[PDB]
Each structure stands twice: as C-alpha cells, then as structure tokens.
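Residues per chain, in single letters:
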Amino acid sequence: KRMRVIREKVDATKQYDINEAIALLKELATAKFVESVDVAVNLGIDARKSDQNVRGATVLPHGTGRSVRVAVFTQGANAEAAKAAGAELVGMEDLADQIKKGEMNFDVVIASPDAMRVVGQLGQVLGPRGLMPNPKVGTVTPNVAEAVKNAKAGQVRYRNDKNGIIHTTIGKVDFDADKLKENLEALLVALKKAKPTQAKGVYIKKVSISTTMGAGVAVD
Amino acid sequence: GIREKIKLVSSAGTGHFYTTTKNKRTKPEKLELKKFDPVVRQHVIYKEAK
Amino acid sequence: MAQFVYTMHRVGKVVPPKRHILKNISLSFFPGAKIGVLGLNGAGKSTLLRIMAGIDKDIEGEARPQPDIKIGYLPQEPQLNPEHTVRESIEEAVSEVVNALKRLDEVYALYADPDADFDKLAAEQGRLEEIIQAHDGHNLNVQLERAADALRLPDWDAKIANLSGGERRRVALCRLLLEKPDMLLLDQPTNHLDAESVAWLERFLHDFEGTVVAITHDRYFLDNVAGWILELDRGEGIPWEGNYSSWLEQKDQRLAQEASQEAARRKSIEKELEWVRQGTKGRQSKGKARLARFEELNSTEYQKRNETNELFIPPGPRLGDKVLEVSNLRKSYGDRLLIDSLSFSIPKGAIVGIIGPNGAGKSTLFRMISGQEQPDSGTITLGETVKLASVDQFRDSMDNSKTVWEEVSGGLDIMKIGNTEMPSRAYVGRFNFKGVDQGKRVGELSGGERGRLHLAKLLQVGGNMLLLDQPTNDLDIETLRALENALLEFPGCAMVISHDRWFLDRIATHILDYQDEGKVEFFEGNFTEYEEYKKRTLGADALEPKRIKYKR
RNA sequence: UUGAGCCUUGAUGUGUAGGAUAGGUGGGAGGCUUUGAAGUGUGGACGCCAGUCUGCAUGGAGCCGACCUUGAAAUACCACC
Ligand SMILES: Nc1ncnc2c1ncn2[C@@H]1O[C@H](COP(=O)(O)OP(=O)(O)OP(=O)(O)O)[C@@H](O)[C@H]1O
Ligand SMILES: Nc1ncnc2c1ncn2[C@@H]1O[C@H](COP(=O)(O)OP(=O)(O)OP(=O)(O)O)[C@@H](O)[C@H]1O
Ligand code: NA
Ligand code: NA
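What the entry reports as its method is cryo-EM, with 3.2 Å given for the resolution.

1. Side note on the overall build of chain B
If you tally the helices and strands in chain B, you get 0 helices and 4 strands. For chain B, the sequential pattern of α-helices and β-strands runs β-β-β-β. Considering only C-alpha atoms, chain B reaches an extent of 35 × 15 × 15 Å along its principal axes. Considering chain B as a whole, with its 50 residues, one finds that 20% of them fall into the buried category. In chain B, the share of contacts with a sequence separation of at least 24, taken over all contacts with a separation of at least 6, comes to 34%. The centroid of the 13 positive side-chain charges in chain B is displaced by 2 Å from the centroid of its 5 negative side-chain charges.

2. Focus: the overall build of chain A
A tally of helices and strands in chain A yields 4 helices and 8 strands. Scanning chain A from its N terminus toward the C terminus, one meets helices and strands in the order α-α-β-β-β-β-α-β-β-α-β-β. With respect to the three principal axes, the spread of C-alpha positions in chain A is 60 × 40 × 30 Å. Restricting the contact set of chain A to residue pairs at least 6 apart, pairs at least 24 apart contribute 73%.

3. Quick notes on the interface of chain A and chain C
Tallying the contact residues gives 19 residues for chain A and 15 residues for chain C. Taken together, the residues of the side of chain A that touches chain C sort by class into 8 nonpolar, 5 polar and 6 charged.

4. Focus: the sheet that holds strand β9 (residues 239–240) of chain C
Residue and element names in this part refer to chain C. Strands sit in the order β5-β6-β7-β3-β8-β9 across an open sheet of 6 strands; the sheet is mixed. Across the chains shown, the open sheet's two edge strands, defined by having one partner strand only, are β5 (71–74) and β9. Pairing of strand β8 (residues 228–230) with β9 involves 2 bridges; the strand directions are antiparallel. Pairing of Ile229 across the sheet is with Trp240, part of β9.

5. Let's talk about the interface of chain C and chain B
With 6 residues of chain C at the interface, the matching set in chain B holds 5 residues. Residue composition of the side of chain C that touches chain B, grouped by class: 3 nonpolar, 1 polar and 2 charged.

6. Some words on the pattern of salt bridges
The salt bridge involving C:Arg175 is made with C:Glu92; its shortest N-O contact spans 2.4 Å. Of this pair, C:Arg175 sits in helix α5 (residues 165–177) while C:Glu92 sits in helix α2 (residues 86–93), placing them 83 residues apart in sequence. Across the pair C:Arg506 and C:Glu484 runs a salt bridge, and its minimum N-O distance is 3.7 Å. With C:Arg506 in the loop between α15 (501–504) and β17 (510–514) and C:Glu484 in helix α14 (residues 477–487), this residue pair connects regions lying 22 residues apart in the sequence. Shared partners join several salt bridges into a network, and the residues in it are A:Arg48, A:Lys49 and C:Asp68.

7. A look at the packing of α2(C) against α5(C)
Residues and elements named next belong to chain C. The geometry of α2 relative to α5 is characterised by a closest axis approach of 8 Å and an angle of 25° between their N-to-C directions. With respect to α5, the element α2 is oriented roughly parallel. The way α2 lies across α5 gives a crossing that is right-handed. In this structure, α2 contributes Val86, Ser89, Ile90, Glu92 and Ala93 to the contact, and α5 contributes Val171, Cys174 and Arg175. Among the residues forming the contact of α2 with α5, the class breakdown is 5 nonpolar, 1 polar and 2 charged.

8. Points about the sheet that holds strand β10 (residues 325–333) of chain C
Residues and elements named next belong to chain C. The 3 strands are arranged β11-β10-β13 in an open sheet whose pairing can be described as antiparallel. The sheet terminates laterally at β11 (336–344) and β13 (377–381), the two strands that pair on one side only. For this sheet, the mean angle separating the axes of adjacent strands, direction not counted, is 25°. Pairing of β10 with β11, which is carried by 5 bridges, proceeds in the antiparallel orientation. Paired with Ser332 across the bridge in β11 is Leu337. Each of β10, β11 and β13 is contacted by helix α10 (residues 362–369), which is oriented at about 120° to β10, the strand it contacts most.

9. What to know about the pairing of strand β1 (residues 6–12) of chain C
All names here are of chain C. Taken together, the 3 bridges between β1 and strand β2 (residues 27–29) define a ladder with antiparallel strand orientation. By the bridge assignment for β2, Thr7 is matched with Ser28. Examined bridge by bridge, β1 and strand β4 (residues 60–65) share 5 bridges and lie antiparallel to one another. Looking at the pairing, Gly12 lines up with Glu60 of β4.

10. Comments concerning unusual backbone geometry
Residues and elements named next belong to chain C. Its identity as a non-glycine residue notwithstanding, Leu232 has a phi of 60°, on the positive side. Its location among the elements puts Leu232 in the loop between β8 and β9. Positive phi, close to 60°, is recorded for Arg547, a residue that is not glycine. Structurally, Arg547 can be placed in the segment after α16 (527–536).

11. Focus on the environment of B:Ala12
All names here are of chain B. Position of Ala12 among the secondary structure elements: in the loop between β1 (4–9) and β2 (17–22). Residues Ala12 and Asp37, spaced 25 residues apart in sequence, show a C-alpha to C-alpha distance of 8.5 Å. Non-local contacts of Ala12, meaning those with residues more than four positions away in its chain, are made with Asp37 and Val40.

12. Some words on the packing of helix α8 (residues 244–277) of chain C against helix α9 (residues 288–297) of chain C
The geometry of a pair of packed helices is captured by two quantities: the angle between their axes and the separation between those axes. Residues and elements named next belong to chain C. Put simply, α8 and α9 touch, their axes get as near as 11 Å, and they point 145° apart. Considering only the axes of α8 and α9, their crossing is left-handed. In this structure, α8 uses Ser268, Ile269, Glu272, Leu273, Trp275 and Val276 to contact α9, whose residues at the interface are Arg290, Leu291, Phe294 and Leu297. Classifying every residue of the contact of α8 with α9 gives 7 nonpolar, 1 polar and 2 charged.

13. Points about the arrangement of the chains
Contacts between protein chains span 2 pairs of chains, and they are most numerous for chains A and C. Structurally, chain A and chain B remain out of contact, their C-alpha atoms never closer than 31 Å.

14. So, the environment of B:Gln42
All names here are of chain B. Position of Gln42 among the secondary structure elements: in strand β4 (residues 42–48). Residues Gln42 and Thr26, spaced 16 residues apart in sequence, show a C-alpha to C-alpha distance of 32 Å. Residues within four places of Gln42 in sequence aside, it is in contact with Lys35, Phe36 and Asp37.

15. A word on the environment of A:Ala177
Within the fold, A:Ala177 resides in helix α4 (residues 177–194). Separated by 154 residues in the primary sequence, A:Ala177 and A:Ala23 have C-alpha atoms spaced 8.3 Å apart.

16. Comments concerning the packing of aromatic side chains
Residues and elements named next belong to chain C. With a centroid separation of 5.9 Å and an interplanar angle of 20°, the aromatic rings of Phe204 and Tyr550 are classed as stacked. With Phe204 in helix α6 (residues 195–207) and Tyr550 in the segment after α16, this residue pair connects regions lying 346 residues apart in the sequence. Taking the centre distance of 5.5 Å and the plane angle of 20° together, the rings of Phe523 and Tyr533 count as stacked. Of this pair, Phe523 sits in strand β18 (residues 520–524) while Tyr533 sits in helix α16, and the two are 10 residues apart along the sequence. Grouped by ring-pair contacts, the aromatic residues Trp200, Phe204, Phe208 and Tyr550 constitute a single cluster. It is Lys251 that lies over the ring of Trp247; its NZ or CZ is 5.9 Å from the centre. A cation over a ring is seen here: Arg290 above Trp275, with NZ or CZ 4.3 Å from the ring centre.

What counts, and at which threshold
Residue positions are given from 1 per chain in written sequence order; they need not agree with the entry numbering, and residues without coordinates are hidden. Each chain is given a letter, starting from A, and each ligand a number, starting from 1, according to the order in which they appear as written. A larger assembly contains the chains displayed, and the values given here are confined to that displayed part. Computation of side-chain values: all heavy atoms of the structure, hydrogens and water removed. Residues with missing side-chain atoms are left out of burial classes, side-chain pairs and their counts. The way it works is that DSSP assigns letters per residue, a run of H or I at least four long becomes a helix, a run of E at least two long becomes a strand, and they are numbered from the N terminus. We call a residue buried when its accessible area falls under 20% of the maximum for its residue type, exposed when it is over 50%, and partly exposed in between, using a 1.4 Å probe and counting protein chains only. For this analysis, residues touch if any pair of their heavy atoms sits within 4.5 Å. Only four residue types enter the charge count, namely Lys and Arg as positive and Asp and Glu as negative; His and the chain termini do not. All charge positions are set by atom: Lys at NZ, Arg at CZ, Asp at CG, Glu at CD. Each residue gets one of three labels, nonpolar for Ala, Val, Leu, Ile, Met, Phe, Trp, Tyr, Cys and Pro, charged for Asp, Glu, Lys and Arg, and polar for the others, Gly among them. Pairing between two strands requires that DSSP report at least two bridges joining them. The term salt bridge refers to a side-chain nitrogen of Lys or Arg lying within 4 Å of a carboxyl oxygen of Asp or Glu. Think of each axis as a best-fit line through the C-alpha atoms, taken over the contacting stretch in the case of a helix, with angles from 0 to 180 degrees between the N-to-C directions. Roughly parallel here means an angle under 35 degrees, roughly antiparallel means over 145, roughly perpendicular means 65 to 115, and every remaining angle is called oblique. Working rule for handedness: look at the near helix, and if it is turned counterclockwise from the far one by less than a right angle, call the crossing left-handed; if clockwise, right-handed. Each pair of aromatic rings taken from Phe, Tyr and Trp, with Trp reduced to its six-membered ring, is defined by centres within 6.5 Å and is described as stacked if the planes are under 30 degrees apart, edge-to-face if over 60, and tilted in the remaining cases. Criterion for a charge above a ring: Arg CZ or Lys NZ at most 6 Å from the ring centre, at most 35 degrees from the ring normal.

Here it is as structure tokens:
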C-alpha cells in the first residue's frame, strides 16, 4: 500500500549525497513508530577466506538511544562489580549454568580477564549468539571499570555477514542529522582502519540508510 | 634403445645434478643414491628428478 | 566472455613404452559445465583427471586453473585407514574447525590466567576468531547430523574393517565433498552405489554447479548430467555436444571412415610397391623423387589398443544334482541381523543374480559359502562334486611390485587351468594381454586392466561354482559384453553379485532379492518374469525420493 | 527476428522435531490489516505432492509476534542479494 505509493518517492537508481540522503529520509517522519536507523554497509571482500573476515567493535559517539541489559560473568567477586556500577546482571563463576538458566534476554557479552569459570555448553549455549567473549572485540580484560561505561556507551560489534554486509543502530531519527552524520563519519573511519590484510578494488562498495519501517537510500 | 636420460637432482637445495640412463619400463621405482655434492662439499643423498 | 575456469594447452604425455596416451589436447572449461569423459580401458582418462586436478606436473604443455577455486578429486581406488573408524575418518575432513574448537576452549582456559594476558591472546586467538566464523566451527555438529542423513552413512561406531564396500565409497564421498569445492573431478563415482544412492548422487551433481568432470562407463548415468562429452580415444581429444545416443553413431562413423582410409592407404602402398619393384627400361630415370615419396608413405598408425573380445573361462569337474543347498540360515553381527531363516536350493547349470542395497549381507553370503564364516543357525550343505572358485570383492590383494605375467602364472613357463596345462603366456594372452603389455607391473595398471588381470588370475582354479562378486567393477561396454557372452556358455553354476541390473538382465536365471528386516527371498526366472510376479501380486508404492540436500 | 551483457521490477528457497514448505544477517519491535477480513469458488506455475504464491464472486475492520518442547527462529521495508 503506502510502500508501493512511496516507491514513487524512492529513487533507488541514483546514489545520493551524505546529507542529501538524510534530507530524503527525514521526510518519512510520518511513520507510527520511533523510526530507528538501520544502516547497511556493503563492503567488497570475499567472505570465504578466513583472513578476509573482520569482527571488531567500535564505540559510536552519539549512542544508540535504545538500551539492553548488560550481563557480566566474574569468577569470584567479579559478578558483583557491576552491581555497584549499574550493570544489569552479574553472574558468578559458580553460577555458570544458572547465569541465564531461566531467561537469556541479556544482550551484554561477558568480559572477565581473571574469572574464566562460566562460558556455556561450548555448543551454541554460549557460542551461537556470541556469548563467548574474547579480547579481540575489546571486552577481554580484568578491568571492568572501563567496560561498565562501555556497556552504557553501546560498543557495537562488526557482525560480518555472508558477504560483508553489516548493520547497527546509528542514532535514530530523534537524534539530529548532524549527530547522524558524525556517527556515519566515525563508523566509516573505524571500518577503514579495520580493513583486513587482503583488499582489492574499492573497500566500501556501497552504503544504504533506512528505517525499520522506512525505505532505503544510497549514502555514497 | 629403451634407456632414457634421467638426472639425479641433489637434496641439499643447491643447484647440482648428475645425469644417467634409466630403464623407465622395467624400473618404475625412483632412484636415490649417495653421491658427492661439490658445492657443499659433502656426501648427500641424490634423489631422482626429471 | 569472462568465465573460463580451467585451461589445457598442448598437454602431451609420454609413457615408458613410447606411445603418447595424451597428445595436443587444448581446451577450456566454463563455470557450471558438466563434462563426461568416455574412452576405453587405457585411453588415459584417469591420467587426464590426475593432470587436471594437478597431482602430476610431468606433462609437456600447460595446464592452468583459475586462481581461487577449490578442486575436489575423487580417484579410482580411494585409500583410507584400516585402523580408523567412520567417526575419526570423517572428523578429519573438517579439520580446521575441530582444532578451532579445541584451541578456543583452551584459550577460554588460559585467558583468565594473568600470565601474558595481552600477549598470548591478541596474536593467537585473533587468527582463530575467523577460522571459527568463515568455516563456522560452532555448528559443525548440526551440519554433520544433517549431512549424514542424505548419504545415510553407516553408524558412527562402525570400523573401516567392519565397513562394507559400498559404505566405504559413501564415506569417501562425504569426506571429499565436505570442503564445499567448485571444481568436482570424479573418476567413476558410482562404482559400488545402488539405485537409491546413484539416483541421489546424479540428482545432486546436476543441481551442483562449479563444473564437474566425471569419468563414467554408464550411458544412463551420463545422460542425466552431462552437457558435454570428451571422447579421448587414442591420444586425441574429441569434444561432442549432445547425448550418448547421438554421439555413439558419430563414433561408429569415425571408426568406419578410419577403416576405409586404412584400406585405401594399403591399396596405394601395394600399387606403388609394384612400380618400385619394376625394372629400369634402358638408361632412364627411375625417379629418385618418386622413391622418396614412397619411402615417406611408409608411416605407422595405432590400432585401437584394446578392442577386447570374449574372455576365457575353463570349466572343470563334472557336477551333479546337489549344488550346495542351504537350510534355515540365519546371520547377525552382534544384534544387527543380516539374514534370518533362509532356505533354498540352487539347481544345476544355473546363473543366480543377487540384488539388494548396500551392506545387506550379499558379500557375507559368499563369505559363509566359501568357508570363511559360519552360520548362526541352519547349515549350508555342499555337493560333494562341487568345486569352489570365489572372486574377492576387492582388487586390493595383488602385489604392486610384480609384473603381470609373474603375478598371474606364478613364475612358471607352463601353468595349468583345470586339468590340462597349456602355457602360461597363452593363458594370459587369452585375456587380451599381448606380449608387449605383458611387462607392465600390476601397480601400473588402469582400473579395467587391473580388474581383468585379477579375474584372470583367480579364474585359473578350474572350478565350476563360480562365485563372482561384482566382476563388472571397472569394465567398459565391450569388456563387459565379452564376459557377458562368455558367461552364458558356462557349464557349471554361476552365482553373480552386482548392482547394475542391465548386466544381469541378459544372464540371470535365478534371483536373490534382499529386503528390509533381513528378509532374503528366492525366485526362479529373469527380471522380466520378476516384474510379472510383482504385477500379478502388486502393491501401490512409488514415493522413493525426498532430496535431503546438505546445507541449511 | 534474435544471441549475450547490464540495471530495475516480480516470484521462487519444503532434513529431522516447536506449530509446518523455514535461504542470512537484521533493526528492533506488535503493526500490518481496511486502493476494503480471517471466511465463501478456484486463476494457474510447481511441488518433496502437504499445498503457499497468485485473476476474478458478495461482504470488506483480520494473523502472528512474546512464550520457544528443536541447533536457528518468526516472510513484518531495505540492502551486493
Ligand atoms: N609404467 C607404465 N608402463 C606402461 N604402460 C603404463 C605405465 N603406466 C601407465 N601405463 C598405461 O597408461 C594408461 C593409463 O590409463 P589410465 O590410468 O588413465 O586408465 P584408463 O584405462 O584410461 O581409465 P579407467 O581405468 O579409469 O577406466 C594405461 O593403458 C596403462 O597401462
Ligand atoms: N566383521 C563385521 N563386524 C561388524 N559388522 C560387519 C562385519 N562384517 C560385515 N558387517 C556388516 O554387515 C553388513 C553387510 O556387509 P557386506 O560385506 O555383506 O556388504 P554388501 O551387502 O555386500 O555391500 P556392498 O554393496 O558394499 O557390496 C554391513 O552393514 C556391514 O557393516
Ligand atoms: Na582409472
Ligand atoms: Na559387499
């Protein structure tokens, strides 16, 4: 219905300017929702080779505007450090099977460079959704003071898909377009720094910007 | 004539090789002997090559 | 434009004798192309496959694949570990992920340890955080639980020694495939598979792209999948676009024309020889140029290397009424029952074809008949006039370090078949092993030549209860028909185990059909009469395929 | 009249068991539904044959998310697809 009608508005053939895209997208403010941002970066890279996949984590400056519980698993008194800093959930090394036995709705990874008790089933119990943490992302360390603020900041990982197509939350429409552009630049520079060991052609083949219910526009 | 020329490449990695004639029909197994390698000045094992 | 996965340019090949099994084969391949390689036993198909996969670089010419393509090469007789089990043999295939999980759990152990926490991790784990992602080492468990279904692999606890012939090829196929490759080069991929597995594999092959070069002697298998046919007759590469039925007529036409040209050249040589042998007629020329032309005309051409003809089978002792009856036979391995309460009696002078799925006890029956095994119940009662001669299911019983003649005869200038002796050289020559081809070591032999030689060596006992276990292993059309016509004349009894019902359609007089639960049923007649029996007492059931697939 | 390429529009993706044809990440969330339902004939391609996509018949205001009993989840834009 309305999507077919606004297919006239969309101009998917023409790539669009960094700020002209946001100018087009903000006219879609008539949606009955928060209208979050759903950027899709489309790199040029072959995913089959292991060395040509990147999985990092960068801290977006202006934030996401949507928060989830942060769960920290500590072997000992590590699971209580966030209890005095605002951590959503603390798991004990003796409560590895009871860390999320009832509910698993805790999208916060586990960082504990000293307590390595609980990991979880080795078999997608804590490895399918990414519950297994490592210092490559940035959370692998025994200093939880930085991670306490990083969880509230929302350090977004670079989920490399089957062909190098990544999404994130980029400061939904209620954030000003200048903040949005700052986030775009800060993510583009970060991924350019993240470029793998082998690269050819142009790294960033395309970028699209859209809303959970709002159509897509090129970024160029 | 059924014997064809073969060369015994070295095994020390240097470029040095002897040459000989080997019956490739009745001796499909490859040759390897101990010969002198005047580059490294040692008796190393010489394996069969092209 | 674009495309062009693989190329070969003037790729010659010389063997120790002197001939060129391959000479001047220049051709290229394209993405999503299916090529079927034909020829005779000795044409060079397997050598071409080895060259194309890149095993051997002793060629003259060039053979290039495009970079970044994965090549899966299935050889003639894949070699596995007689110590391994199915679990630890398949687990080898996905190797970068088993070690990935092991090392990731070890790093989960070592990362909380405060010793070099920022040195032992950033350099080592980072090389694995993507080896566990691109290859997806997390979900190999469900990947295997799914991929086992399609092939219907043997049980995980099964050992390679306990494994049967068809299941071994099934395991090897899974191992080869799991790499998810682009180029798929197979040499006779359906040697031991039954109707279900062969139909499944030839549907999966047709679906799967990335170019498949398949060696096959089976018209029906080739027709479904092949888009191109390579001939590979006598050191030449003939590409044909079409199907088997259209290409066979062109092949026959080519042979007829070559024979006609041969006859014409012969007649020309006679005519010029007469002039060469004539007189001089005075003080005149006699034409040194004409002499040079005639001398040049004396060239040589290769007769088709093995247009093998009817084989040799020496009958032996006279046989009477008792043909080794069987009463109340029951077999099992632990709890796995193969056959229960089987009773029959083979008549005299008959051929009995055995049909059934893979690993259903067909080889076990010959094993217990030849005295290798024992029956858990009942008894097999041999006839006292019966001479036994059973062909092993596997070629891997010769010694590769011996010559053909030595291997067959035993280093005797005169051996004996049955009762009369006759020379060993003649005995081998009756199997189309000429004096020149006598000298090749049995390790240097094609699949069909190895099968022929093993059959020749074993059939010299001069028995009369021939227990053939898939003699149609690696046999061409003409090689197959030679034995197919020789068997119909056998005086003694012949029990034949095979999977290709078209071979049995011409020779079988009694039928042993295997079924579920360990049910073996006897029947008297050929396959058309078996179909008549089914239609007289029919049952509506045709829903065989389901196409399990491999990836989610 | 056509081969081939490119770009956009559509459609197709049925292992086992949760519910029953489900390709990957989503971004996260009930909104779609009313340019007129879940429902009532069947249009037709296909199917692994249970049916899910779809022309036209009156009215025209309906399904799931979430819970997950399985590795994974909810066709509810757009992305190189
Ligand atoms: N050392 C050797 N001396 C003589 N002939 C040899 C030697 N090595 C190989 N050959 C011959 O080279 C040929 C190789 O053929 P190849 O292995 O490709 O099998 P094929 O008969 O073409 O195919 P297939 O067995 O798969 O049906 C055979 O004729 C073999 O006898
Ligand atoms: N020693 C053994 N221990 C355990 N199982 C065995 C043993 N020998 C045979 N089997 C099993 O018995 C079954 C029948 O094996 P058999 O050798 O008769 O195969 P087959 O029916 O002739 O098959 P194929 O199509 O491979 O020729 C298989 O399931 C096999 O695993
Ligand atoms: Na071969
Ligand atoms: Na067998």
